[PDB]
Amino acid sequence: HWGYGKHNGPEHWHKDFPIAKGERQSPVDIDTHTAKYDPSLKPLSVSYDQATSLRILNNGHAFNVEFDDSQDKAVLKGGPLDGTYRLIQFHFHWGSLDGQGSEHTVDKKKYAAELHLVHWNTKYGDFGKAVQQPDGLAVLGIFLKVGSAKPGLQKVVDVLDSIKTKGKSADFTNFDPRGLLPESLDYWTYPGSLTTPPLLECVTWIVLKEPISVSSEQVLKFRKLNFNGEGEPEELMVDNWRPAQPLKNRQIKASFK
């Protein structure tokens, strides 16, 4: 019964999941000066025109916007990836304050939040099987800074009062995740892991260099969510980020010079 506190937070997870101290854990600090430009990288293809959003769920640690992943409707290809990766969900990690919240850091800089678009490799047939493989997932990570509002985020922000507490869901159809992407698809990539239990080492991370801007008011609404279930004492859903982990024997590659 894990979480983000003093008593059950990241620094405890290893007792249940020894993989927490593994060789390819995420997130990491991205040292921009030491990431090497890789000309082998094929260009990134994000194909979200046919996406079908279904539902938004407060899972007790974040909220997930879930997609129909029963066909190739929203897919990621190219970049560092071999093959086709299907969008299953996106979620965010965020802070109690604007000065923290991202999982990845960039030269030790923390952003206010980070958006994760989670995709699984179709060669494995479903998500559950994909997470058992070293190349099972591709997560597109996008930093959020506080400034101007992000218009394409507002639909997400407005429904959050309907999923305040753990286990609540709401219909969330017709949402276009294209409206959450920055202009540039320049990226860093490295092999890593999920950042909550069970911490599986199944992720090719693709972290975009260009952040999106969201308003103060938008992020404030994320911080009104609750970790707890309805009828339990209120614990605001904030600081649901794992800190940077050791890079170990990995290289971070850049798609750009």
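One-based numbering along the sequence shown.
Stretches compared: 64 to 72, 30 to 38. Higher mean C-alpha B-factor in the entry: 30 to 38.
Per the PDB record, of the two stretches 133 to 141 and 73 to 81, 73 to 81 carries the greater mean B-factor over its C-alpha atoms. Across the residues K123, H104, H93, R178, the deposited record lists the maximum Cα B factor for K123.
You'll see in the entry that, of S184, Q89, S162, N174, the Cα B factor peaks at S162. When the modelled residues of the chain are ordered by their C-alpha B factor, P197 lands in the middle third.
In this PDB entry, the Cα temperature factor of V207 sits in the bottom third of its chain's modelled residues, the lowest group. The entry lists a Cα temperature factor for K21 that places it in the middle third of the chain's modelled residues. In the PDB entry, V214 places in the middle third of its chain by CA B-factor. Sorting the modelled residues of the chain by their CA temperature factor places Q50 in the highest third.
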